[PDB]
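Numbering follows mature numbering (1 follows the signal peptide of the UniProt record, and there is no 0), with no gaps: position 144 of the sequence shown is 144.
Think of the CB as a built atom: it goes at the ideal place given N, C-alpha and C, for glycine as much as any other residue.
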Amino acid sequence: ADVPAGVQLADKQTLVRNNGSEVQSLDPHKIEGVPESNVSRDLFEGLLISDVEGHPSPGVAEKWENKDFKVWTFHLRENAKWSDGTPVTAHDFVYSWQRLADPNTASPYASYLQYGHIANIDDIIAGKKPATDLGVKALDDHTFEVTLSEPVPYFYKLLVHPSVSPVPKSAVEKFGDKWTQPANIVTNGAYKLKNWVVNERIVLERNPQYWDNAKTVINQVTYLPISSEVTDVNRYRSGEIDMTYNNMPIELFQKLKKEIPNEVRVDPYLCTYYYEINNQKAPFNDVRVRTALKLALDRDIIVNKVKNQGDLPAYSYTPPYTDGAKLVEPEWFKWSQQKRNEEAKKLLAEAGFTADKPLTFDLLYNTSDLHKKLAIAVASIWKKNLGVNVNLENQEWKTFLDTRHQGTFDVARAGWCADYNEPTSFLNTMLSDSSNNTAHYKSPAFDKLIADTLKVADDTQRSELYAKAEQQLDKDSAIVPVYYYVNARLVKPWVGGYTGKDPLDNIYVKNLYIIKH
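Put into structure tokens, the structure is as follows:
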């Protein structure tokens with residue numbers, strides 16, 4: 001943390017943050033969501049980290065170079081250590097990236113190594129080559145060298161993500177799936193795990209071995225798992241919580257902007273809220289059905305009337321303000337809702353559905369006040385505009401994500417946030433073979449457009465290709481885009497160091513501080 005000259009620090013440097021739900025895991029190779037990553041950034045540090053404004057910056061690597069954007073060499077700082085005092089080395093990175101690639105680990109982010117195009121990853125994921133063939137090596141204890149199969153000028157931007165953080169081999173091998181318990185875990189970020197009570201709290205304490213420990217100010221941070229945005233706001237206003245999670249309740253938000261304006265933080269955020277259709281399950285394998293659902297949803301009602309929190313109606317997967325996005329707004333988005341409704345009714349009528357044999361399906365969402373209220377609104381809208389019936393189903397976060405990977409669903413409430421600011425952070429998740437493809441969308445045309453982006457050495461050709469890949473996704477109605485999120489949350493006046501400038505919202509508690517109050 002960089003405490004401004006003249007700020008008076010509180011005697012007690014503790015923080016309580018709501019984290020939206022109980023985490024899937026604390027193992028960097030078993031996680032894929034925002035709540036998981038929130039805790040992961042305090043505990044495990046990779047090659048690079050985001051600074052307080054989101055810029056990729058030195059993490060365990062103090063400096064790095066690249067040869068033709070294909071061979072990347074990372075110089076690890078000599079004093080990077082784990083919480084047990086042992087050195088973090090390039091061997092840790094070699095083991096960890098191999099463990100991420102290994103199919104036996106079954107990471108949801110195994111494809112992150114495909115997104116960076118590390119040599120031999122496709123064969124490794126497919127079981128054709130052992131994980132030890134991955135294009136990574138330790139040239140010495142403080143030098144990690146990554147070899148890619150093609151030039152990737154933005155490669156280093158990927159490296160702030162939890163999936164490419166180091167994990168301690170000795171703890172993993174000795175304790176298996178209990179390596180992350182407080183008595184066994186070993187961490188290399190600013191914090192260490194103190195307590196973990198499922199569905200109650202995660203408590204982290206400063207890690208004195210952290211190389212940058214002298215600049216850490218907060219001594220203890222607690223992450224809560226509250227999925228009700230109403231309860232989060234209530235426990236923030238009671239004094240328990242210092243920073244809510246960044247999902248705001250429809251019940252209270254308008255009142256909050258009038259009651260505590262300065263605490264309501266609203267900043268750009270590279271995330272898209274959408275309804276994820278399971279493209280492999282009939283009748284959702286029919287484009288007419290998916291297009292009808294996409295067109296009949298009234299984004300103006302949802303975004304401006306039922307939610308009204310500053311979000312922008314969406315017509316694509318990649319947010320249009322992602323660095324490198326130059327998207328073509330489709331003609332259907334400019335039409336009137338009535339015109340979209342008739343086209344939708346027409347397509348479902350064409351698909352075989354009638355008043356006596358209507359389309360009925362499930363709408364799965366993770367337990368939440370906000371998602372439940374939006375799903376009820378969406379159900380009413382679809383009922384009124386298209387005559388379809390939906391059965392709402394809530395599931396807790398960890399179970400919800402497993403369901404989407406299993407494909408045991410029809411339509412699911414979804415949100416994707418960028419992991420690095422470049423359109424492929426979104427687009428790569430729709431590749432046929434992506435470990436993140438919960439839409440179960442498989443388009444050889446889409447795959448080809450993205451493969452072609454690194455075969456050119458020009459930004460304009462790349463942007464044009466991303467635009468066409470989005471048009472392909474749209475023509476197939478792989479998803480139902482709803483809105484581009486804003487990052488809205490409450491933060492107490494005494495929490496310093498939170499700019500809201502990072503569109504990825506990669507917060508590190510090591511950068512915050514509590515002002516005397």
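Leaving aside the five residues before and after residue i along the sequence, list all residues of the same chain whose C-beta is less than 6 Å from its C-beta, in chain order.
i       : result
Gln-24  : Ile-31, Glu-36, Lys-398
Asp-27  : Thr-180
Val-164 : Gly-46
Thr-453 : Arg-462, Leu-465
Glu-65  : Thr-73
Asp-474 : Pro-330
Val-303 : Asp-311, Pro-313, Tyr-483
What is the C-beta distance between residue i and residue j, in whole angstroms, given that I count them as a contact (C-beta under 8 Å)?
i       : j       : result
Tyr-485 : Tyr-269 : 5 Å
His-517 : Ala-110 : Wrong, their Cβ atoms sit about 45 Å apart, outside the cutoff.
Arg-201 : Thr-222 : 5 Å
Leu-113 : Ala-90  : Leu-113 to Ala-90, Cβ: 17 Å. No contact.
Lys-215 : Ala-1   : 6 Å
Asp-502 : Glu-145 : 29 Å between Cβ atoms; not a contact.
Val-34  : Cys-417 : 6 Å
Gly-500 : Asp-267 : 4 Å
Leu-297 : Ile-381 : 6 Å
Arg-265 : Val-491 : 5 Å
Which word fits residue i, buried or exposed, when buried means at least 16 other C-beta atoms lie within 10 angstroms of its C-beta?
i           : result
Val-456     : exposed
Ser-57      : exposed
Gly-496     : buried
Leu-139     : exposed
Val-88      : buried
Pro-166     : buried
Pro-162     : buried
residue 522 : Examination of residue 522 is not possible in this model, given that the chain is present from 1 through 517 alone.
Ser-435     : buried
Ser-107     : buried
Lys-384     : exposed
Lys-81      : buried
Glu-422     : buried
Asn-79      : exposed
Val-390     : buried
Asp-433     : exposed
Cβ atoms of residue j and residue i: under 8 Å apart, would you say?
i           : j       : result
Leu-224     : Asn-487 : no
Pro-151     : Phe-69  : yes
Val-203     : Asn-213 : no
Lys-373     : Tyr-365 : no
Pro-249     : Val-233 : yes
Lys-192     : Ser-83  : yes
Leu-295     : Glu-343 : yes
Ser-21      : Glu-229 : no
residue 518 : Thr-244 : This structure leaves residue 518 out entirely; the chain is present only between 1 and 517.
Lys-357     : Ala-467 : no
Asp-410     : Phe-333 : no
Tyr-513     : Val-160 : no
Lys-510     : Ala-190 : yes
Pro-493     : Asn-262 : yes
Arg-235     : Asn-219 : no
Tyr-273     : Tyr-483 : yes
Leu-386     : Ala-292 : yes
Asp-311     : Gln-337 : no
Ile-515     : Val-7   : yes
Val-328     : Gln-471 : yes
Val-39      : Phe-93  : no
Please list, in chain order, all residues of the same chain as residue i whose beta carbon is under 7 Å from its beta carbon, the five residues on each side excluded.
i       : result
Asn-184 : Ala-171, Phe-175, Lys-178
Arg-290 : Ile-277, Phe-284, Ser-477
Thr-105 : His-29, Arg-99
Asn-437 : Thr-429, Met-430, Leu-431
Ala-469 : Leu-427, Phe-446, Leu-449, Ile-450
Any heavy atom of the ligand HEM within a distance shorter than 7 Å of the CB on residue i?
i       : result
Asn-389 : You won't find the ligand HEM in this model; it holds no ligand whatsoever.
Take residue i and list the residues in its own chain whose beta-carbon comes closer than 8 Å to its own, dropping the five residues that flank it on each side.
i       : result
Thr-403 : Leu-364, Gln-395, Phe-409, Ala-412
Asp-286 : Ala-351
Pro-130 : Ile-124
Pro-182 : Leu-193, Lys-194, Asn-195, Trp-196
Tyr-115 : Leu-158, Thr-424, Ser-425, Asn-428
Please determine if the region 335 to 352 and the region 308 to 320 are in contact, where contact requires at least 3 C-beta pairs separated by less than 8 Å. no
Does the structure place the region 470 to 482 close enough to the region 269 to 279 that three or more beta carbon pairs sit under 8 Å? yes
For the pair the region 155 to 170 and the region 44 to 51, tell me if three or more CB-CB distances fall below 8 Å. Three or more Cβ pairs drawn from the region 155 to 170 and the region 44 to 51 lie within less than 8 Å of each other, which places the two stretches in contact.
Could you tell me whether the region 462 to 473 touches the region 299 to 309, using the rule of 3 or more Cβ pairs below 8 Å? no
With three or more beta-carbon pairs closer than 8 Å as the criterion, would you say the region 89 to 109 touches the region 117 to 127? Touching, yes.
Pairs of beta-carbons, one from the region 440 to 454 and one from the region 414 to 431, closer than 8 Å: are there three or more? yes
At least three beta-carbon pairs within less than 8 Å, the region 133 to 149 to the region 9 to 18: no
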